[PDB]
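Before any questions on how it binds or moves, here is one chain, the form deposited in one PDB entry, in structure tokens.
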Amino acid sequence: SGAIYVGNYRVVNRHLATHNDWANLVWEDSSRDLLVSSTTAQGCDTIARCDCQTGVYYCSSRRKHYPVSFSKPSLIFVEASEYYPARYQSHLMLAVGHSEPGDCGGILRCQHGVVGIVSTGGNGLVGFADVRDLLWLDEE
């Protein structure tokens, strides 16, 4: 689990978005596994505006941050895990790393701020849903 809090936005994995996320829906993309909902409290996270391919992600299944090299956001086919079926996903970045189902929502960050959140796992790979192209997160 985990979210990004920037301005009056909460960013979550679409598949973990709560009833309260959906009630206050701003934006969702089923092809990206992202959902943004409205918050009343002004958030403190900064979104990275960069093309870094290096950063640090939080892995709850190891209670550790790992430094990783990651691919540029792409359209990538995601294979079936234990709890979720397979499918395609856009704006997806892969790294060599540990990722289990409950790891979704762990933040990937570089010196410029938040890059993405954990979205996919399995086969010694971690997938991050990129948020750096959502410029609108940095006002109103």
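Superpose the two forms; the largest set of C-alphas matching within 1.5 Å is the rigid core. Shifts are known only where both forms have a C-alpha. Don't overthink the numbering: it's just position in the shown sequence, from 1.
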Revision key, fill the gap. Mean B factor on CA atoms, stretches 75-83 and 30-38, record says higher is 75-83
Exercise for review: Using the B-factors recorded in the PDB entry, average over the C-alpha atoms of 102-110 and of 88-96, then report which stretch comes out higher.
Suggested key: 88-96
Practice item. Among all modelled residues of this chain, ranked by Cα B factor, put residue 123 in the bottom, middle or top third, i.e. lowest, middle or highest. Key: highest
Check your understanding: Against its chain's modelled residues, does residue 46's Cα B factor rank lowest, middle or highest third?
Key -> highest
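The form solved in complex with a small molecule is left out here; the points below concern that form.
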Practice item. With heavy atoms only and a cut-off of 4.5 Å, decide whether residue 43 touches the small molecule in the deposited complex. Key: no
Practice item. Although the small molecule is absent from this view, report whether residue 49 comes within 4.5 Å of it in the deposited complex, heavy atoms only. Key: no
Check your understanding: Which listed residue (87, 72, 49, 62) has a Cα shift of at least 2 Å between the shown form and the other one, rigid core superposed?
Key -> 87
Practice item. Work out whether the Cα atoms of residue 125 and residue 85 come closer together or move farther apart in the deposited complex than they are in this form, the change being 3 angstroms or more. Key: farther
Check your understanding: Given a CA distance change of at least 3 Å, are residue 84 and residue 31 closer or farther in the deposited complex?
Key -> closer
Exercise for review: Fit the two forms on the core and write out the ranges of at least 3 consecutive residues whose every CA moves by 2 Å or more between the shown form and the other one.
Suggested key: 79-87
